[PDB]
Amino acid sequence: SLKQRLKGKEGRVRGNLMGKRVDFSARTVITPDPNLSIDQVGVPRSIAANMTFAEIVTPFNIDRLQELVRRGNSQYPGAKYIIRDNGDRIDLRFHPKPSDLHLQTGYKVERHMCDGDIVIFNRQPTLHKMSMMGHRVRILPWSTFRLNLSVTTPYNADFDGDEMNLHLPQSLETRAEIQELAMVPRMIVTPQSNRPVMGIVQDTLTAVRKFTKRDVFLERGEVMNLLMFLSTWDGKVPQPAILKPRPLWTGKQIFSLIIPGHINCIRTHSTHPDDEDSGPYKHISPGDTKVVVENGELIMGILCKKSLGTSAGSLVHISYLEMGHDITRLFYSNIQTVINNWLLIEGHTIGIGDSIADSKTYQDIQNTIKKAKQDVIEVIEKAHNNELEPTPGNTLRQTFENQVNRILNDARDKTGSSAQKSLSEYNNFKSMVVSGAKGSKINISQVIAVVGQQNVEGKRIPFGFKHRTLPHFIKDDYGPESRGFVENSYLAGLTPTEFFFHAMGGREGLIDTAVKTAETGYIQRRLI
Amino acid sequence: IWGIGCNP
Amino acid sequence: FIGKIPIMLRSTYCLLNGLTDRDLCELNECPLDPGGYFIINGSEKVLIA
Amino acid sequence: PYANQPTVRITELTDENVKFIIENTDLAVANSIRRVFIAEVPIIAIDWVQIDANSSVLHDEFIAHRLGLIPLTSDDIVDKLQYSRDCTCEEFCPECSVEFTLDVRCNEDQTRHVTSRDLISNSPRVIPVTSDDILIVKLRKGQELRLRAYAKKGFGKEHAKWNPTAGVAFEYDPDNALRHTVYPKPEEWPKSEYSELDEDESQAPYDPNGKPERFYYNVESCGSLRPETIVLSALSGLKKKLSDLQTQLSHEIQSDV
Amino acid sequence: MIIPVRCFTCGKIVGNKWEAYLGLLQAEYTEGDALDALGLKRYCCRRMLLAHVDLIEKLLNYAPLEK
Amino acid sequence: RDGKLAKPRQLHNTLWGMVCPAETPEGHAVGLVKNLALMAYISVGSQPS
Amino acid sequence: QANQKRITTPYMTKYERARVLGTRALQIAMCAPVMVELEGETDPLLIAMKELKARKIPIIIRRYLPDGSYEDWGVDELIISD
Amino acid sequence: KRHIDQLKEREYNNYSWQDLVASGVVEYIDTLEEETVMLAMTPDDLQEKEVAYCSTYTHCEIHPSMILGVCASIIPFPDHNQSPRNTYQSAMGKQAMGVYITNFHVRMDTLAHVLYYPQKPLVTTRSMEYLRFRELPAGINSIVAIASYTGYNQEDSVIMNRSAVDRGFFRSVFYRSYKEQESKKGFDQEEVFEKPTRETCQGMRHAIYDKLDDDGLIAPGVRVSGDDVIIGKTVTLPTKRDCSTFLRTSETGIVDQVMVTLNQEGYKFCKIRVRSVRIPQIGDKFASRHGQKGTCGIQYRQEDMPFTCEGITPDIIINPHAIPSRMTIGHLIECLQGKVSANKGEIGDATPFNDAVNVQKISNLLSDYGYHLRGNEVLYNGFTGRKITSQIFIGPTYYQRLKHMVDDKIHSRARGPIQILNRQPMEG
Amino acid sequence: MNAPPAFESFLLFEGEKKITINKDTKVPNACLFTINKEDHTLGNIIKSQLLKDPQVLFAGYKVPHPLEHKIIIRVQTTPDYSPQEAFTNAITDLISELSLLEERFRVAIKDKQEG
Amino acid sequence: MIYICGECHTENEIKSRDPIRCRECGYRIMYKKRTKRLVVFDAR
RNA sequence: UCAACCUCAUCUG
Ligand SMILES: CO[C@@H]1[C@H](O)[C@H](n2cnc3c(=O)nc(N)[nH]c32)O[C@H]1COP(=O)(O)OP(=O)(O)OP(=O)(O)O
Ligand SMILES: [Mg+2]
Ligand SMILES: [Zn+2]
Ligand SMILES: [Zn+2]
Ligand SMILES: [Zn+2]
């Protein structure tokens with residue numbers, strides 16, 4: 001009916017007027033490109049050949065445009081159409097049209113998209129305005145859009161099959177509006193939380209943490225190679241930190257050349273002892289924690305997500321607020337390039353040896369689990385003998401569940417702490433967690449020590465069968481194993497019942513995500 | 001999958 | 001004759017039933033094909049429980 | 001201010017392998033020689049295939065791929081042959097290419113294994129390293145494969161079909177003395193075959209003034225070029241690249257003046 | 001479908017070794033001993049023969065389109 | 001699939017040994033489309049007489 | 001309005017800068033005379049940026065107050081945001 | 001032992017599962033009966049006398065690993081992975097490219113992908129034998145280094161060896177089949193397969209009609225680029241209208257098979273199959289058996305890839321940052337077990353709940369073959385030759401090529417076709 | 001479909017210069033050599049040999065983009081020395097070293113055989 | 001053209017507007033048979 | 001110088 005034509009999503013009002021399918025748009029898969037700048041995007045030649053930008057023929061660009069017209073649609077840097085003053089569109093694709101190849105001022109040459117064009121880049125859903133940003137085109141081989149990795153976080157994009165939409169402005173006026181209101185360097189700091197939207201991420205973050213340790217010393221050739229990838233370099237090699245016996249620069253000394261202008265910042269590393277600030281060695285910091293950037297020089301410290309990440313007061317945020325957006329763009333790009341080449345030198349990996357802990361650590365974890373299981377047995381015996389008394393506001397069932405959960409969680413935390421004590425400096429799980437690039441201490445603990453309690457709907461694994469969780473367990477068993485506690489780590493491998501309970505927990509998480517999307521989308525539409 | 005206070 | 005009933009492949013009433021892998025190869029059918037589907041208008045359709 | 005004088009000592013020389021040691025050389029030079037072994041040594045391999053009849057189970061481009069990967073003896077005439085781009089004649093000719101033919105039909109009941117032996121070359125010097133054999137396809141009775149192929153000079157930078165070598169083993173500092181790799185637990189790490197350390201000592205003492213030297217190579221031939229001539233051709237090709245670079249640099253310096 | 005010419009990782013010819021591998025397996029040799037006899041040393045080359053599934057024999061059972 | 005209730009989708013304990021815990025589609029059909037376990041069998045029916 | 005009783009901000013807003021630069025770029029690409037001496041700049045947007053820096057863009061922005069009145073601020077009068 | 005010995009001689013002993021059921025050894029139990037039955041996961045661990053948990057077991061599980069389905073049964077060491085990752089691997093293994101059936105040549109199916117060189121996994125679950133994964137495998141074992149090399153593996157992307165790709169690694173064939181039926185609707189209006197004529201047929205296109213044969217159907221073995229005319233069909237106009245089928249844009253294939261038959265109606269019906277050989281590009285999607293996928297970030301040649309002392313260069317480099325948050329430790333255990341299996345010559349056992357295969361045992365086995373216990377290896381930087389300071393985890397892991405390829409997804413629009421009702425750009 | 005042809009890696013297209021020399025204004029006595037259709041093979045060799053020279057204050061090479069095929073070598077020398085001369089001398093030294101390596105490898109081959 | 005039979009694998013020549021039935025076997029599935037023009041395959 | 005709409009189901013982040 002006429003009402004159905006106009007009514008809902010896919011109706012005229014919403015599906016054709018508020019939003020609509022548009023021309024000069026391209027969608028393809030995205031792949032990483034560390035070498036591209038923040039604002040630069042990588043465009044395949046085919047996509048750039050199909051999409052066009054009309055350029056008015058002027059006396060100063062008539063020669064270049066006539067060359068482009070001569071090349072035509074076939075040769076890539078060419079023109080698909082020529083729009084006359086009357087509005088007649090001569091077609092350069094179909095037949096030479098030798099008389100109509102002539103250009104005069106006022107004609108519009110629909111040239112192919114070239115390097116330096118401004119294009120809007122979008123990922124769905126566009127939750128915030130940083131999801132649509134203006135990028136400068138660079139044409140690269142192969143068929144994927146290629147974007148800098150610092151720009152992945154605003155788009156919420158990972159290169160695992162994601163695709164990104166690309167919209168090309170078709171007028172100089174709208175091109176300027178896009179360039180000024182929406183360029184990626186102008187989008188660094190969000191108005192939502194007055195923090196930078198973008199920061200150093202993934203490999204660059206871990207390699208920065210490793211690079212800015214006190215231990216890192218770079219010889220002459222490595223210093224020159226790294227200074228090659230610093231675009232803002234003044235061409236002057238800093239005097240090395242250690243002149244004799246052999247000239248050796250420091251990772252901090254080279255990173256000081258990355259930091260632009262004269263930026264002042266004080267942060268603290270993630271593994272900063274709380275005792276250090278109160279006691280002596282405030283400004284010496286035995287662990288090289290803390291971070292002090294004076295006059296744009298890294299005097300002391302190890303950088304992590306707290307210094308180079310998306311947080312208020314970070315080195316990135318201070319750079320944006322002090323030196324401006326263009327210099328901050330250069331800052332991001334230089335960090336990524338020189339630190340990625342140093343990572344080529346030092347290297348990074350993850351293996352089984354990271355998951356393995358000391359034999360003493362495993363023994364301590366086992367002892368903690370035994371003690372916890374015995375304490376849960378004791379609590380169950382107290383409840384069975386009716387010694388247990390209800391906590392105020394809770395039933396006897398609820399207070400028993402809370403006590404058992406507390407015991408199990410405390411044991412899980414103690415095993416996790418033992419596993420984390422076991423971690424060496426060389427451990428790479430610890431490297432990624434300390435840098436903040438990926439992972440958490442919870443993940444390390446589950447990998448090495450104990451997967452933990454599997455809980456569905458905020459309670460231990462329910463009695464799905466008649467008064468028992470699985471047919472293998474006896475009826476009325478409230479012990480840790482029966483109700484879902486997984487004592488084995490991922491490296492050790494879950495036992496079959498633990499495997500099923502873990503599957504129950506993961507299923508709950510997946511259901512939560514899938515149900516969440518739609519409700520949040522409705523709320524967002526209503527607010528807007 | 002961790003605990004009651006964590007995640008499932 | 002009242003109608004025609006689509007026959008599930010490799011069921012007891014399928015022609016491929018009870019045929020050794022050599023005979024299945026002679027008929028250009030895979031020995032490893034499980035069966036359990038109907039060929040309707042040339043397309044394989046699977047009834048989902 | 002001048003280049004060091006390198007020294008070579010060949011430990012092993014077999015029809016399939018060359019194990020040698022280069023001393024008093026830079027790491028960059030050694031690595032680039034290995035790199036030229038892999039990618040910049042010219043070889044002869046099939047790059048043009050025209051299949052008159054292919055009734056085999058494998059499709060035509062599958063057959064063409066397998067034919068391209070088949071090694072061809074390129075010991076002597078690869079230096080004589082010209083690149084197709086350089087050759088004046090249109091398409092391909094005896095100077096720029098070598099012609100192979102395959103005409104196999106399985107008339108018999110038993111499955112016919114089409115091998116590299118069935119490829120027949122117009123020039124005797126290039127043969128598919130047949131003197132088992134590489135299996136191109138298996139033909140059922142009534143299946144036939146007929147094709148003509150042209151093999152051209154090229155190096156592995158174009159395509160891995162033109163790699164003259166299988167595995168180039170390159171090692172320097174067999175006992176970690178420059179600490180270029182920092183072991184978290186040195187004892188767990190196996191000793192190298194070239195290691196001179198005692199069993200008790202996992203790592204050599206750190207040498208502060210050391211520089212990577214005494215590089216150890218094991219170059220395994222794919223059979224197309226002899227393992228010795230792979231190394232010789234790689235050295236000559238790297239030298240030719242440097243000389244071409246110098247010529248262009250001199251021309252541009254003269255232009256600037 | 002058929003044994004690849006050249007190991008993917010290094011490029012040593014493994015295409016001529018499948019029939020000999022099968023024959024050595026028929027002899028009595030274990031998979032590792034047969035791989036050693038054929039001269040495959042690096043685990044990259046041993047992966048080629050060890051993990052190969054020869055489907056060309058199953059495809060040859062179907063009659064050809066033109067006889 | 002439209003229903004957002006997280007009750008019918010969750011892996012029930014009784015699915016043990018009869019429906020794969022891991023194999024489910026993700027999206028609107030999490031936990032609503034399931035797959036038989038390897039050894040599972042489905043009754044064909046019989047006369048109760 | 002008059003030069004007196006101008007209540008809007010003296011600084012040019014980001015949106016005003018964007019639209020002025022785009023409009024001047026389009027005019028320059030439409031063979032409009034260029035006020036500044038271009039130093040080999042053949043891109044209309046770059047020429048417009050150059051004019052904006054030199055405060056020679058011949059445009060006056062009419063800012064509409066919410067009560068319906070309007071104020072005419074010359075581009076030269078406005079302080080460039082960047 | 002009598003039953004097991006008779007089943008071991010199964011053929012030429014006429015003893016089968018039904019005889020096992022008839023003997024009363026095994027029994028079928030449904031969910032309602034599962035509610036009233038005491039089960040033991042394993043006989044030795046549970047039935048045997050110990051500290052008595054239960055002394056009234058009425059049944060025993062044949063093997064715990066059977067709780068998994070068909071797609072989850074291919075996952076090696078599934079108990080060492082996070083639970084959502086096993087669901088992801090089930091979904092992705094439904095999308096892997098392999099030889100789907102042996103009769104794929106006879107079938108003319110639209111959108112058929114078949115891999116050149118499938119391989120059986122070096123680390124395999126026993127239940128795979130009953131899934132016929134050995135007979136029709138999907139994926140290739142590949143030397144994989146878990147390292148941060150050049151930043152092109154960051155996020156979830158994967159660096160690949162271009163030389164390996166050139167040697168046949170993950171090369172696939174995509175068959176697209178087109179169907180066209182000539183039919184007569186009006187008594188004077190009929191559709192005929194014929195080569196369209198510029199003058200005789202009113203509707204025509206720039207697309208070359210020369211490749212069409214006399215019957216109006218392209219012969220097999222002819223290269224057909226995008227928008228060329230596969231089938232030429234003309235309709236009498238009560239001069240003629242062109243209803244000829246064209247290739248899907250950017251198909252760029254070679255005709256494989258052209259079959260001409262009569263449908264049920266008796267009208268002439270033609271099916272044409274086109275081969276497009278797809279080599280891995282830097283947009284294609286590859287996934288391990290542990291629920292972590294990724295597009296190819298970049299391809300480096302063998303000279304550029306990092307190399308071990310033995311001269312081995314990884315086929316695939318995956319970012320280490322994938323492992324920690326996902327906690328897919330089964331990936332690392334599979335790499336270690338694959339290294340051990342490839343050096344030993346056996347095929348590794350990754351059944352979910354073996355309890356006889358620890359990680360420590362695998363490490364001790366790998367130590368005997370001259371490698372580091374934990375699978376790390378000293379890697380030399382390909383570009384400069386200098387040893388990489390951090391030793392890098394390398395091993396043979398099984399990887400699958402998912403059907404999602406960049407060539408199918410790349411799209412661009414510029415003043416193209418427009419809908420009739422909305423007069424807005426079209427969809428798709 | 002957007003895959004570059006393989007020959008692009010080393011074959012110059014018409015009108016492309018193998019070497020382009022541009023001086024670096026930021027510092028006196030510095031130059032930047034852009035080599036087209038070249039890779040790390042030549043770049044690392046040249047950078048190492050330039051580093052061996054005592055009058056070369058700075059020597060570095062970079063591939064500006066892995067997908068594209070170009071090498072940029074920055075060379076800064078002391079006063080009374082020219083970076084172009086340093087580049088030429090580096091190339092000649094590498095040529096001499098490679099020729100010496102060839103001769104000694106041939107001798108080693110002939111001695112491993114025939115005894 | 002000439003169409004190869006699906007079952008008996010014997011080439012039969014069928015004119016346009018003629019029913020698709022192989023002589024001597026009657027099978028209704030024919031195949032178009034490979035083209036005379038030859039296509040160059042790069043071995044790559 | 002150039003091709004339909006519905007509908008459903010399956011997948012993608
Ligand atoms: C991270 O958030 C993204 C986005 O929110 C977007 N997205 C995805 N599906 C939907 C959907 O149905 N509806 C809406 N509106 N948005 C959606 O996808 C989400 C994540 O999903 P995932 O959790 O599977 O991402 P892995 O963690 O799995 O990434 P691996 O390791 O495979 O690369
Ligand atoms: Mg993703
Ligand atoms: Zn010639
Ligand atoms: Zn190999
Ligand atoms: Zn017939």
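Numbered from 1 within each chain, the chains take letters A, B, ... in sequence-line order. FYI, side chains are in, hydrogens and waters are out, and symmetry mates aren't considered; it's all heavy atoms of this structure.
Within 4.0 Å of A:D158, counting heavy atoms only, lie sugar-phosphate atoms of the nucleic acid but no base atom.
For H:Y399 and H:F170, the gap between ring centers reaches or exceeds 6.0 Å.
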Look for any protein N or O under 3.5 Å of an N or O in nucleotides 4-6 of chain K and output each such pair with its distance, or none.
none

Short N/O separations, protein against nucleotides 8-12 of chain K, under 3.5 angstrom:
| residue | atom | partner | partner atom | Å |
| --- | --- | --- | --- | --- |
| K:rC11 | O3' | H:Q95 | NE2 | 2.8 |
| K:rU12 | OP1 | H:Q95 | NE2 | 3.0 |

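If you measure from atom CG of A:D91 to atom P of K:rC2, you get 12 Å, rounded to the nearest angstrom. The CZ-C1' distance, from A:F159 to K:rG13, rounds to 13 Å in whole Å.
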Residue pair A:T52, A:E110: steps toward the side chain to side chain donor-acceptor pair (under 3.5 Å) verdict:
CA-CA 6 Å; A:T52 50; A:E110 296 216 354; 3.1 Å; yes

Applying side chain to side chain donor-acceptor pair (under 3.5 Å), run through F:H28 and F:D2 and close with a yes or a no.
CA-CA 7 Å; F:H28 257 304; F:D2 187 24; 5.4 Å; no

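Looking at H:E180 and H:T245, their side chains never bring a donor and an acceptor atom within 3.5 Å of each other.
Around atom OH of A:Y522, no more than 12 heavy atoms belonging to other residues, nucleotides or ligands sit under 6.0 Å away. The local environment of CD in H:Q202 is sparse, with at most 12 non-hydrogen atoms from other residues, nucleotides or ligands closer than 6.0 Å. Taking a 6.0 Å sphere around CZ of A:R5, one finds it holds 12 or fewer heavy atoms contributed by other residues, nucleotides or ligands.
A cation-pi arrangement is present between H:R415 and A:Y81 under the rule of less than 6.0 angstrom and at most 45 degrees off the ring axis.
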